[PDB]
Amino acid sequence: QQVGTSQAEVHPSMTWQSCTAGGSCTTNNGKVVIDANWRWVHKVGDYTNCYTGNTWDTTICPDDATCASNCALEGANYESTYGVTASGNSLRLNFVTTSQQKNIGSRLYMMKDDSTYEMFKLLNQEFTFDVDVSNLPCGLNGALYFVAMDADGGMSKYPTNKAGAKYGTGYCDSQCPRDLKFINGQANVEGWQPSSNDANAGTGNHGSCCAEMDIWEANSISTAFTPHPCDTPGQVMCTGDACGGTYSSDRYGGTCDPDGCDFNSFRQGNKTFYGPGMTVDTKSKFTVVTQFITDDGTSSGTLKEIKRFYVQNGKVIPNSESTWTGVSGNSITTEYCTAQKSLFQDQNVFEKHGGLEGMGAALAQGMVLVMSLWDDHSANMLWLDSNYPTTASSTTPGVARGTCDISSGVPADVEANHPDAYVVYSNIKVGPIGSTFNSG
């Protein structure tokens, strides 16, 4: 895609800290950028949309290449259009924002400079942040996660992408998403079909795969952390239902693990650990620590374990133990993942796509920090916060993931009932294991 000039692109500032062993930290002058899929796209030199609602203008966009040549991404009004505000070390995302149009959700990336994403290298480090999920109901997900995107959003690979990271190009994730309007400097008009339940979305013939470490997928009721490996760790364009992932005829048919190896304390058998008034009390801000432990204790070792700690009201809270017979421990390891998938009768493509070692291979490439707020047009967030599938019995291990009702989370309802839901991420810190909190 091209660069539009109607609206200048100015990235809101957001600081974050790099820490050393001992706990000393230095502040980085980061800034955030909205994903290109949220932007106004118009014909170069004009105001006519290339895409409107969930359909393309096929005169301007008769094929993927001509469309990329003819269509320009515009700058964003972060607060007024998208409900995105930042101050100091804090980022607030609102769910619905009405301007001339009704915007729903957002997806933001952390930048190093105005043309380049920040590339985090998490092996043998911990990533820590504060969050306020107290305004997130059933059916919404404030996500903070990492994907193996290119640092320049694909500019240097794809000359037909003139916009790059400055305009939030280059997204990919372990669902191999086909809802992206531009992938690899090509539009996705070919094969496009509108969503039956999202007036703003559709899918095209191309998808964008890469590995994904889900640090945080949460609302006030449930949370989960989940590595998703792929055969290739970095961005790859896939075609058609062979992409696999959510929204394909077979989520398991492609090169990425769509499910991941997850740890949700409630799903792992503790119903009183995370939630309103619980050990980790979602009625107020808390700190979330996530550690990427390697086999040899160095940054070039193989990923062996992912650990989780919380801090709230100054008390350090270790992750809850998984309580199911034969699925023990309080962290993610290969033995946990194998045992958990067996007990829960979930297809284990985690190992097929490389397991923790494969996840680590992605971590070693460098990964982009994503902060988002979304509702779920496939599964109504029930996989996170309810019984899933909704036909199954809550007494069966793996089915119950939170206390939300099985008829919660339908996007039309969420969008009607919770337009002023929001999430606040703040106080990001990265450094050696134990360096960001009162360890160990």
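Numbers follow the displayed sequence, beginning with 1.
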Averaged over C-alpha atoms, is the B-factor higher for 68 to 76 or for 226 to 234 in this PDB entry?
68 to 76
Stretch exceeding the other in mean C-alpha B-factor - 300 to 308, 260 to 268
300 to 308
Among the choices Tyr47, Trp38, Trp374, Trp383, identify the one whose CA B-factor in the record is greatest.
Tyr47
Which one of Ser106, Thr325, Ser115, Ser174 shows the biggest C-alpha B-factor in the PDB entry?
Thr325
Chain thirds by Cα B factor, record data; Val96 belongs to the middle
CA B-factor ranking of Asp281, expressed as a third of its chain:
middle
Going by the CA temperature factor in the PDB record, which third of the chain does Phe146 belong to: lowest, middle or highest?
lowest
Which third, lowest, middle or highest, does the CA B-factor of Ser426 fall in along this chain?
lowest
Relative to the other modelled residues of the same chain, rank the CA B-factor of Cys209 and answer lowest, middle or highest third.
lowest
